[PDB]
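One protein chain, two forms: both are listed below as C-alpha coordinates, the first as structure 1 and the second as structure 2.
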Structure 1
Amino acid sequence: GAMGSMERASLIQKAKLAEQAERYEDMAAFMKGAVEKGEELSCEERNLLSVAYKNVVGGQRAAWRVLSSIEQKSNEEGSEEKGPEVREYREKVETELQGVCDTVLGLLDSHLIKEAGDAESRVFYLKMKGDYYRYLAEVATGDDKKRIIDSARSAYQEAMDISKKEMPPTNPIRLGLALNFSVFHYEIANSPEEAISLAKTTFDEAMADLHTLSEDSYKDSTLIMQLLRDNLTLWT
(Lines of atoms letter the chains of each structure in order from A and count residues from 1; the text may use other names and numbers.)
(Lines give C-alpha, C1' and ligand atoms only; values in the text may rest on other atoms or scores of the structure.)
Protein backbone atom coordinates (compact mmCIF):
# COMPACT_ATOMS: atom_id res chain seq x y z
CA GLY A 1 0.00 0.00 0.00
CA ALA A 2 1.17 3.50 -0.84
CA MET A 3 0.62 4.53 2.80
CA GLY A 4 2.69 1.65 4.19
CA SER A 5 5.76 3.83 4.76
CA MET A 6 3.90 6.60 6.64
CA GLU A 7 3.54 6.63 10.41
CA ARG A 8 0.08 5.90 11.78
CA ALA A 9 0.00 9.21 13.64
CA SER A 10 1.05 11.11 10.50
CA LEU A 11 -1.74 9.46 8.51
CA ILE A 12 -4.28 10.55 11.12
CA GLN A 13 -2.85 14.08 11.18
CA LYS A 14 -3.04 14.28 7.39
CA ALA A 15 -6.59 12.90 7.38
CA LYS A 16 -7.57 15.84 9.58
CA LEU A 17 -5.78 18.29 7.26
CA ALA A 18 -7.49 16.72 4.25
CA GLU A 19 -10.85 17.18 5.95
CA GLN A 20 -10.12 20.88 6.53
CA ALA A 21 -9.12 21.19 2.86
CA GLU A 22 -12.24 19.27 1.70
CA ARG A 23 -9.96 16.71 0.05
CA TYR A 24 -12.08 13.69 0.88
CA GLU A 25 -10.43 11.20 -1.48
CA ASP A 26 -7.09 12.00 0.17
CA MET A 27 -8.76 11.78 3.58
CA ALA A 28 -10.09 8.32 2.78
CA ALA A 29 -6.72 7.13 1.48
CA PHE A 30 -5.00 8.34 4.67
CA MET A 31 -7.59 6.63 6.86
CA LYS A 32 -7.33 3.39 4.86
CA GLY A 33 -3.58 3.52 5.48
CA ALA A 34 -4.21 4.06 9.18
CA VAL A 35 -6.61 1.10 9.39
CA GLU A 36 -4.10 -1.10 7.59
CA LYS A 37 -1.55 -0.51 10.37
CA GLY A 38 -3.57 -3.17 12.18
CA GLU A 39 -4.36 -1.36 15.42
CA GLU A 40 -7.89 -0.69 16.59
CA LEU A 41 -9.32 2.79 15.98
CA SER A 42 -10.33 5.26 18.65
CA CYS A 43 -13.74 6.92 18.55
CA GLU A 44 -12.29 9.99 16.86
CA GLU A 45 -10.46 7.85 14.30
CA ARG A 46 -13.60 5.82 13.50
CA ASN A 47 -15.40 9.06 12.81
CA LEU A 48 -12.63 10.26 10.49
CA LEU A 49 -12.86 6.98 8.57
CA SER A 50 -16.62 7.30 8.24
CA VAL A 51 -16.61 10.98 7.25
CA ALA A 52 -13.99 10.39 4.56
CA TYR A 53 -15.73 7.50 2.82
CA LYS A 54 -19.22 8.94 3.25
CA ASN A 55 -18.11 12.04 1.37
CA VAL A 56 -16.37 10.05 -1.37
CA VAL A 57 -19.26 7.66 -1.93
CA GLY A 58 -21.78 10.49 -1.55
CA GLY A 59 -20.30 12.28 -4.55
CA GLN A 60 -20.32 9.05 -6.54
CA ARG A 61 -23.94 8.31 -5.61
CA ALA A 62 -25.03 11.80 -6.61
CA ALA A 63 -23.26 11.47 -9.96
CA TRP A 64 -24.69 7.99 -10.51
CA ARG A 65 -28.22 9.29 -9.91
CA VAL A 66 -27.74 12.11 -12.44
CA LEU A 67 -26.47 9.69 -15.07
CA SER A 68 -29.08 7.02 -14.31
CA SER A 69 -31.83 9.64 -14.73
CA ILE A 70 -30.42 10.67 -18.13
CA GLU A 71 -30.17 7.01 -19.14
CA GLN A 72 -33.76 6.30 -18.12
CA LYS A 73 -35.03 9.33 -20.10
CA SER A 74 -33.04 8.00 -23.12
CA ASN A 75 -35.02 4.73 -23.05
CA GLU A 76 -38.46 6.53 -22.92
CA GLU A 77 -40.82 6.35 -26.02
CA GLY A 78 -39.82 8.95 -28.69
CA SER A 79 -36.20 9.67 -27.35
CA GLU A 80 -33.50 9.80 -29.99
CA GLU A 81 -30.85 7.08 -30.08
CA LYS A 82 -27.68 8.72 -28.76
CA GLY A 83 -25.52 5.59 -28.78
CA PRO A 84 -23.85 3.71 -25.93
CA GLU A 85 -22.15 6.69 -24.25
CA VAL A 86 -24.66 7.38 -21.44
CA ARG A 87 -24.73 3.73 -20.42
CA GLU A 88 -20.95 3.46 -20.66
CA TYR A 89 -20.34 6.49 -18.47
CA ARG A 90 -23.00 5.47 -15.94
CA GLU A 91 -21.29 2.06 -15.81
CA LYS A 92 -17.91 3.74 -15.26
CA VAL A 93 -19.18 5.74 -12.30
CA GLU A 94 -21.03 2.68 -11.01
CA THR A 95 -17.91 0.53 -11.11
CA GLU A 96 -15.92 3.18 -9.24
CA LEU A 97 -18.67 3.43 -6.62
CA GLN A 98 -18.74 -0.34 -6.20
CA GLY A 99 -14.98 -0.32 -5.84
CA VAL A 100 -15.12 2.18 -2.98
CA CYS A 101 -17.86 0.17 -1.27
CA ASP A 102 -15.80 -3.01 -1.68
CA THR A 103 -12.79 -1.20 -0.20
CA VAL A 104 -14.73 -0.11 2.89
CA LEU A 105 -16.31 -3.55 3.32
CA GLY A 106 -12.84 -5.06 2.99
CA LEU A 107 -11.48 -2.90 5.80
CA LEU A 108 -14.42 -3.86 7.99
CA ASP A 109 -13.86 -7.56 7.26
CA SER A 110 -10.04 -7.40 7.54
CA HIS A 111 -10.13 -6.85 10.46
CA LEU A 112 -12.04 -4.00 12.11
CA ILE A 113 -15.23 -5.86 13.00
CA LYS A 114 -13.62 -8.98 14.44
CA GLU A 115 -11.45 -7.00 16.87
CA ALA A 116 -14.26 -4.62 17.94
CA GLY A 117 -15.52 -5.79 21.32
CA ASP A 118 -17.00 -2.67 22.87
CA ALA A 119 -20.57 -1.87 21.91
CA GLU A 120 -19.66 1.58 20.59
CA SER A 121 -17.07 0.27 18.17
CA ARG A 122 -18.92 -2.89 17.13
CA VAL A 123 -22.20 -1.09 16.46
CA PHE A 124 -20.36 1.65 14.57
CA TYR A 125 -18.67 -0.84 12.23
CA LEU A 126 -21.75 -3.01 11.71
CA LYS A 127 -23.75 0.13 10.85
CA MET A 128 -21.04 1.00 8.33
CA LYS A 129 -21.28 -2.51 6.90
CA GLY A 130 -25.02 -2.05 6.46
CA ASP A 131 -24.55 1.37 4.87
CA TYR A 132 -22.02 0.21 2.26
CA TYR A 133 -24.07 -2.84 1.35
CA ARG A 134 -27.01 -0.43 1.05
CA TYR A 135 -25.04 1.71 -1.41
CA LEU A 136 -24.23 -1.44 -3.40
CA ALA A 137 -27.94 -2.32 -3.35
CA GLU A 138 -28.88 1.08 -4.78
CA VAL A 139 -27.05 0.21 -8.03
CA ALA A 140 -27.59 -3.57 -8.11
CA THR A 141 -29.81 -5.12 -10.78
CA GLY A 142 -28.57 -8.68 -11.34
CA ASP A 143 -28.74 -12.04 -9.61
CA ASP A 144 -26.96 -10.88 -6.47
CA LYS A 145 -29.30 -7.92 -5.69
CA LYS A 146 -31.31 -10.00 -3.21
CA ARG A 147 -28.13 -11.26 -1.54
CA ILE A 148 -26.72 -7.70 -1.33
CA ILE A 149 -29.95 -6.49 0.27
CA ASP A 150 -29.85 -9.37 2.74
CA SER A 151 -26.24 -8.57 3.64
CA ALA A 152 -27.21 -4.98 4.44
CA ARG A 153 -30.22 -6.13 6.45
CA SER A 154 -28.17 -8.66 8.43
CA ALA A 155 -25.47 -6.14 9.34
CA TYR A 156 -28.01 -3.52 10.40
CA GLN A 157 -29.95 -6.13 12.41
CA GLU A 158 -26.88 -7.29 14.33
CA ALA A 159 -26.02 -3.65 15.05
CA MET A 160 -29.58 -2.99 16.24
CA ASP A 161 -29.56 -6.00 18.54
CA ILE A 162 -26.33 -4.90 20.22
CA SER A 163 -27.35 -1.25 20.40
CA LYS A 164 -30.66 -2.04 22.09
CA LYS A 165 -28.95 -4.19 24.74
CA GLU A 166 -25.87 -2.07 25.37
CA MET A 167 -26.65 1.60 24.64
CA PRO A 168 -29.22 4.10 25.90
CA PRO A 169 -31.95 5.10 23.44
CA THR A 170 -30.43 8.60 23.07
CA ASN A 171 -26.95 7.39 22.12
CA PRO A 172 -26.09 9.15 18.82
CA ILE A 173 -24.65 5.98 17.26
CA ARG A 174 -27.81 4.06 18.11
CA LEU A 175 -29.93 6.91 16.72
CA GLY A 176 -27.96 7.18 13.47
CA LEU A 177 -28.13 3.41 13.05
CA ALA A 178 -31.90 3.45 13.46
CA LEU A 179 -32.16 6.39 11.06
CA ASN A 180 -30.17 4.58 8.37
CA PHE A 181 -31.91 1.22 8.89
CA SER A 182 -35.25 3.00 8.53
CA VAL A 183 -34.00 4.49 5.24
CA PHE A 184 -32.97 0.97 4.18
CA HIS A 185 -36.51 -0.23 4.87
CA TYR A 186 -38.09 2.64 2.96
CA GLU A 187 -35.75 2.93 -0.05
CA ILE A 188 -34.25 -0.52 -0.48
CA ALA A 189 -36.47 -3.19 1.07
CA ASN A 190 -39.83 -1.84 -0.11
CA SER A 191 -41.02 -1.77 3.52
CA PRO A 192 -42.29 1.77 4.17
CA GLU A 193 -44.41 0.68 7.14
CA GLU A 194 -41.37 -0.89 8.81
CA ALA A 195 -39.40 2.29 8.09
CA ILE A 196 -42.09 4.46 9.68
CA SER A 197 -42.53 2.19 12.72
CA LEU A 198 -38.79 2.09 13.36
CA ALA A 199 -38.36 5.85 13.04
CA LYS A 200 -41.36 6.53 15.30
CA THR A 201 -40.37 4.08 18.03
CA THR A 202 -36.77 5.29 17.95
CA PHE A 203 -37.85 8.92 18.23
CA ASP A 204 -40.29 8.24 21.07
CA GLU A 205 -37.85 6.15 23.13
CA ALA A 206 -35.16 8.80 22.73
CA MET A 207 -37.59 11.55 23.75
CA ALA A 208 -38.32 9.70 27.00
CA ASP A 209 -34.57 9.48 27.84
CA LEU A 210 -33.58 13.11 27.10
CA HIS A 211 -34.11 14.06 30.75
CA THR A 212 -31.00 12.06 31.71
CA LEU A 213 -28.66 14.07 29.47
CA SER A 214 -26.35 17.04 29.86
CA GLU A 215 -26.92 20.11 27.69
CA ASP A 216 -24.26 19.01 25.21
CA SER A 217 -25.53 15.42 24.94
CA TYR A 218 -29.09 16.73 24.59
CA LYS A 219 -27.94 18.80 21.61
CA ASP A 220 -26.23 15.78 20.01
CA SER A 221 -29.25 13.49 20.44
CA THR A 222 -31.93 15.97 19.45
CA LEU A 223 -30.08 16.80 16.22
CA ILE A 224 -30.48 13.21 15.07
CA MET A 225 -34.01 12.97 16.42
CA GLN A 226 -34.89 15.87 14.14
CA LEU A 227 -33.64 13.84 11.17
CA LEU A 228 -35.97 10.99 12.18
CA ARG A 229 -38.83 13.51 12.42
CA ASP A 230 -37.96 14.98 9.01
CA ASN A 231 -38.23 11.55 7.42
CA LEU A 232 -41.49 10.82 9.21
CA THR A 233 -42.90 14.10 7.91
CA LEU A 234 -41.85 13.19 4.37
CA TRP A 235 -43.18 9.62 4.62
CA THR A 236 -46.55 10.32 6.27
Structure 2
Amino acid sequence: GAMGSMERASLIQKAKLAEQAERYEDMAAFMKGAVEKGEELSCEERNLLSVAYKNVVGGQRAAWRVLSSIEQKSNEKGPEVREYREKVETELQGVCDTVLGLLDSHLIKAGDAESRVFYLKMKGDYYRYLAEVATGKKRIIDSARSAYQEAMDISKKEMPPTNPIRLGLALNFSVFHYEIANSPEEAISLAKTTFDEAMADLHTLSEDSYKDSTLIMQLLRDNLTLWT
Protein backbone atom coordinates (compact mmCIF):
# COMPACT_ATOMS: atom_id res chain seq x y z
CA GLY A 1 0.00 0.00 0.00
CA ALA A 2 1.09 3.53 0.83
CA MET A 3 4.13 2.32 2.80
CA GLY A 4 5.17 -0.24 0.18
CA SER A 5 8.08 1.66 -1.38
CA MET A 6 9.74 2.53 1.94
CA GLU A 7 12.49 0.52 3.63
CA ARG A 8 11.36 -1.47 6.65
CA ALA A 9 14.01 0.18 8.84
CA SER A 10 12.91 3.68 7.82
CA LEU A 11 9.33 2.77 8.71
CA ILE A 12 10.54 1.77 12.19
CA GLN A 13 12.49 5.02 12.51
CA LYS A 14 9.48 7.10 11.48
CA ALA A 15 7.22 5.18 13.84
CA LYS A 16 9.53 6.27 16.65
CA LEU A 17 9.56 9.85 15.34
CA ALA A 18 5.75 9.93 15.26
CA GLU A 19 5.60 8.67 18.85
CA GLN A 20 7.89 11.52 19.92
CA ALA A 21 5.60 13.90 18.04
CA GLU A 22 2.54 12.27 19.64
CA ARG A 23 1.23 11.43 16.15
CA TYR A 24 -0.17 8.01 16.95
CA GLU A 25 -2.20 7.59 13.76
CA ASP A 26 1.00 8.08 11.78
CA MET A 27 2.82 5.78 14.21
CA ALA A 28 0.26 3.03 13.63
CA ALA A 29 0.43 3.54 9.87
CA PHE A 30 4.21 3.19 9.88
CA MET A 31 4.14 0.06 12.03
CA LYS A 32 1.41 -1.51 9.88
CA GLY A 33 3.60 -0.88 6.86
CA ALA A 34 6.49 -2.55 8.64
CA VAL A 35 4.46 -5.63 9.55
CA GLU A 36 3.40 -5.92 5.90
CA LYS A 37 7.05 -6.42 4.91
CA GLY A 38 6.45 -10.03 5.98
CA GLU A 39 9.13 -10.25 8.67
CA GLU A 40 8.47 -11.32 12.24
CA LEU A 41 8.44 -8.45 14.71
CA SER A 42 11.04 -8.13 17.47
CA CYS A 43 9.80 -7.70 21.05
CA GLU A 44 10.43 -3.95 20.73
CA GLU A 45 8.56 -3.77 17.41
CA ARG A 46 5.53 -5.62 18.82
CA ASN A 47 5.27 -3.07 21.63
CA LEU A 48 5.61 -0.11 19.26
CA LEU A 49 2.76 -1.61 17.23
CA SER A 50 0.59 -2.05 20.33
CA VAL A 51 1.32 1.42 21.75
CA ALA A 52 0.34 3.07 18.46
CA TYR A 53 -2.99 1.33 17.93
CA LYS A 54 -4.03 1.21 21.59
CA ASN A 55 -3.52 4.98 21.70
CA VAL A 56 -5.65 5.53 18.58
CA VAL A 57 -8.61 3.37 19.63
CA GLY A 58 -8.31 4.75 23.14
CA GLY A 59 -9.24 8.22 21.94
CA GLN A 60 -12.04 6.78 19.80
CA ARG A 61 -13.44 4.84 22.76
CA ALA A 62 -13.27 7.94 24.96
CA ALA A 63 -15.07 9.92 22.25
CA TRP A 64 -17.64 7.16 21.80
CA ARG A 65 -18.43 7.09 25.52
CA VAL A 66 -18.91 10.86 25.64
CA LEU A 67 -21.49 10.66 22.83
CA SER A 68 -23.16 7.51 24.17
CA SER A 69 -23.73 9.20 27.53
CA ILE A 70 -25.26 12.25 25.84
CA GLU A 71 -27.38 9.97 23.65
CA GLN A 72 -28.54 8.12 26.77
CA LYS A 73 -29.65 11.29 28.55
CA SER A 74 -31.29 12.49 25.33
CA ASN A 75 -33.64 9.49 25.75
CA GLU A 76 -35.48 10.70 28.85
CA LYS A 77 -35.22 15.47 20.12
CA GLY A 78 -33.41 15.14 16.78
CA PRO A 79 -31.27 12.43 15.18
CA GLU A 80 -27.95 14.29 15.16
CA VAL A 81 -26.56 12.74 18.35
CA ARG A 82 -27.22 9.16 17.23
CA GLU A 83 -25.81 9.95 13.79
CA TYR A 84 -22.54 11.34 15.13
CA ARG A 85 -22.22 8.56 17.71
CA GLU A 86 -22.74 6.12 14.84
CA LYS A 87 -20.06 7.89 12.79
CA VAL A 88 -17.45 7.60 15.55
CA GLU A 89 -18.59 4.03 16.24
CA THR A 90 -18.11 3.01 12.60
CA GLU A 91 -14.64 4.55 12.70
CA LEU A 92 -13.71 2.66 15.88
CA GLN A 93 -14.79 -0.63 14.33
CA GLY A 94 -12.64 0.07 11.30
CA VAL A 95 -9.45 0.36 13.35
CA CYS A 96 -10.26 -2.71 15.45
CA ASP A 97 -10.88 -4.66 12.24
CA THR A 98 -7.62 -3.30 10.85
CA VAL A 99 -5.65 -4.63 13.82
CA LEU A 100 -7.46 -7.98 14.07
CA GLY A 101 -6.87 -8.51 10.36
CA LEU A 102 -3.19 -7.77 10.83
CA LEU A 103 -2.99 -10.23 13.73
CA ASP A 104 -4.43 -13.18 11.82
CA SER A 105 -2.87 -12.26 8.46
CA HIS A 106 0.70 -11.66 9.55
CA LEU A 107 1.54 -11.74 13.25
CA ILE A 108 -0.14 -14.80 14.78
CA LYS A 109 1.78 -17.84 13.50
CA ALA A 110 5.34 -21.25 14.57
CA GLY A 111 6.57 -18.32 16.65
CA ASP A 112 7.73 -18.49 20.24
CA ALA A 113 5.37 -18.77 23.20
CA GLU A 114 5.99 -15.24 24.54
CA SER A 115 5.22 -13.95 21.04
CA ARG A 116 1.91 -15.79 21.10
CA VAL A 117 0.85 -14.44 24.48
CA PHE A 118 1.46 -10.86 23.32
CA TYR A 119 -0.56 -11.18 20.11
CA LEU A 120 -3.34 -13.25 21.66
CA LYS A 121 -3.81 -10.58 24.33
CA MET A 122 -4.16 -7.96 21.59
CA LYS A 123 -6.70 -10.23 19.88
CA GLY A 124 -8.82 -10.35 23.03
CA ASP A 125 -8.46 -6.64 23.72
CA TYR A 126 -9.65 -5.45 20.29
CA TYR A 127 -12.46 -8.02 20.26
CA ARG A 128 -13.45 -6.62 23.65
CA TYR A 129 -13.58 -3.12 22.15
CA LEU A 130 -15.92 -4.27 19.39
CA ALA A 131 -18.11 -5.92 22.04
CA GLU A 132 -18.31 -2.62 23.91
CA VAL A 133 -20.38 -1.12 21.06
CA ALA A 134 -22.02 -4.17 19.47
CA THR A 135 -25.51 -5.64 19.78
CA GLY A 136 -27.27 -8.65 18.27
CA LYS A 137 -22.42 -9.39 19.52
CA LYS A 138 -21.88 -12.42 21.76
CA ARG A 139 -20.09 -13.92 18.76
CA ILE A 140 -17.58 -11.14 19.49
CA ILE A 141 -17.59 -11.96 23.21
CA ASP A 142 -16.79 -15.62 22.57
CA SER A 143 -13.83 -14.72 20.37
CA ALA A 144 -12.56 -12.25 22.96
CA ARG A 145 -12.81 -14.91 25.68
CA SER A 146 -11.20 -17.61 23.56
CA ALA A 147 -8.26 -15.40 22.61
CA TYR A 148 -7.82 -14.39 26.27
CA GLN A 149 -8.12 -17.95 27.57
CA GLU A 150 -5.54 -19.38 25.18
CA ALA A 151 -3.22 -16.53 26.17
CA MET A 152 -3.70 -17.34 29.85
CA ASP A 153 -3.02 -21.06 29.49
CA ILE A 154 0.23 -20.46 27.61
CA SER A 155 1.39 -17.76 30.03
CA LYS A 156 0.74 -19.78 33.19
CA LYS A 157 3.21 -22.34 31.80
CA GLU A 158 5.82 -20.21 30.06
CA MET A 159 6.16 -16.94 32.00
CA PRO A 160 6.81 -16.05 35.66
CA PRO A 161 3.87 -14.59 37.60
CA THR A 162 5.55 -11.15 37.60
CA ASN A 163 6.00 -10.83 33.83
CA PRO A 164 4.35 -7.52 32.80
CA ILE A 165 2.58 -9.03 29.78
CA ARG A 166 1.22 -11.89 31.89
CA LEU A 167 0.07 -9.45 34.58
CA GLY A 168 -1.47 -7.09 32.04
CA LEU A 169 -3.26 -9.98 30.35
CA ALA A 170 -4.91 -11.08 33.60
CA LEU A 171 -5.81 -7.48 34.47
CA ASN A 172 -7.56 -6.98 31.14
CA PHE A 173 -9.17 -10.43 31.18
CA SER A 174 -10.51 -9.71 34.67
CA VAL A 175 -12.07 -6.45 33.44
CA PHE A 176 -13.55 -8.40 30.51
CA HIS A 177 -15.22 -10.78 32.97
CA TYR A 178 -16.61 -7.81 34.88
CA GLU A 179 -17.78 -5.25 32.33
CA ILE A 180 -18.35 -7.50 29.28
CA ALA A 181 -19.34 -11.03 30.36
CA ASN A 182 -21.13 -9.78 33.52
CA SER A 183 -19.29 -12.08 35.94
CA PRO A 184 -18.00 -9.93 38.80
CA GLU A 185 -17.08 -12.93 40.95
CA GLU A 186 -14.84 -14.35 38.21
CA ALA A 187 -13.36 -10.91 37.61
CA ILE A 188 -12.57 -10.48 41.31
CA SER A 189 -11.14 -13.98 41.73
CA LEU A 190 -8.78 -13.66 38.77
CA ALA A 191 -7.50 -10.28 39.95
CA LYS A 192 -6.93 -11.41 43.54
CA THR A 193 -5.26 -14.62 42.40
CA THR A 194 -3.10 -12.75 39.90
CA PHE A 195 -1.94 -10.22 42.49
CA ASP A 196 -1.42 -12.77 45.28
CA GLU A 197 0.63 -15.16 43.15
CA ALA A 198 2.85 -12.28 42.02
CA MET A 199 3.69 -11.44 45.64
CA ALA A 200 4.24 -15.11 46.51
CA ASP A 201 6.91 -15.17 43.79
CA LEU A 202 8.07 -11.55 43.98
CA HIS A 203 11.65 -12.78 43.55
CA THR A 204 11.03 -13.45 39.84
CA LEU A 205 10.94 -9.71 39.08
CA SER A 206 13.37 -8.72 36.32
CA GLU A 207 15.83 -5.83 36.36
CA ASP A 208 14.62 -4.68 32.95
CA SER A 209 10.89 -4.57 33.70
CA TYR A 210 10.19 -4.53 37.46
CA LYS A 211 8.76 -1.01 37.23
CA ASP A 212 6.12 -2.29 34.80
CA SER A 213 5.30 -5.19 37.11
CA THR A 214 4.99 -2.87 40.14
CA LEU A 215 2.55 -0.63 38.26
CA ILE A 216 0.28 -3.36 36.90
CA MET A 217 0.10 -4.94 40.35
CA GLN A 218 -1.06 -1.66 41.86
CA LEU A 219 -3.67 -1.51 39.09
CA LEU A 220 -4.89 -4.98 40.05
CA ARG A 221 -5.45 -3.66 43.57
CA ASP A 222 -7.07 -0.47 42.25
CA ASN A 223 -9.68 -2.64 40.51
CA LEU A 224 -10.19 -4.80 43.60
CA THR A 225 -10.53 -1.69 45.76
CA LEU A 226 -13.05 -0.51 43.17
CA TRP A 227 -15.06 -3.75 43.19
CA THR A 228 -15.48 -4.34 46.94
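Throughout, residue numbering runs from 1 along the sequence of structure 1. Definition used throughout: the rigid core is the maximal C-alpha set that superposes within 1.5 Å between two forms.
Peer 1: Core-aligned, is the CA shift for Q13 between structure 1 and structure 2 2 angstroms or more?
Peer 2: Comparing the forms between structure 1 and structure 2, which are aligned on their rigid core, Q13 does not shift its C-alpha by 2 Å or more.
Peer 1: Does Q226 show a Cα shift reaching 2 Å between structure 1 and structure 2 after rigid-core superposition?
Peer 2: False for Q226: its C-alpha shift is below 2 Å.
Peer 1: Taking the rigid core as the reference frame, tell me whether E215 has a CA displacement of 2 angstroms or more between structure 1 and structure 2.
Peer 2: Shift of 2 Å or more: yes.
Peer 1: For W64, give the CA shift between structure 1 and structure 2 in Å, the superposition being done on the rigid core.
Peer 2: C-alpha displacement of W64 between structure 1 and structure 2: 0.2 Å.
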